[PDB]
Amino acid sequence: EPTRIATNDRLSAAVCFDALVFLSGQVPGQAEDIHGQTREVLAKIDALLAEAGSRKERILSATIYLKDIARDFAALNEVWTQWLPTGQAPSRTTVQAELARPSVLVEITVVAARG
């Protein structure tokens, strides 16, 4: 009964099952700086929630991976707090981890509620 969105032989961008939406970790576009990269990740999450039948106000959890948490946490929080729908922040966890490409400073993995 799972439904899949934008599937290739490595991943589906989203998997939907019983009112839950599981998004693949989202990475930036071509932005090179932490502020722009966080903005681009959040834009991609915005678009995928739409395709998977959810929306920003229905995020349940987000794991935020930063390549350098000491250097970039403050910038991440600036963009994140401005993006979230007012009064509707999800649960979150922010940790340091290198991502699959060295240029990536931030990656975010979301679970959300359909609706």
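Residue indices: 1-based, along the sequence shown.
In this crystal structure, the stretch out of 86 to 94 and 40 to 48 whose C-alpha atoms carry the higher mean B factor is 86 to 94. Taking the mean C-alpha B-factor of each stretch as recorded, 28 to 36 and 61 to 69 are not equal, and the higher mean is that of 28 to 36. Sort the chain's modelled residues by C-alpha temperature factor and residue 100 lands in the highest third, per the entry. Per-chain ranking of the deposited C-alpha B factor places residue 106 in the middle third. Remark: residue 16 belongs to the middle third of its chain, ranked by C-alpha B-factor as recorded.
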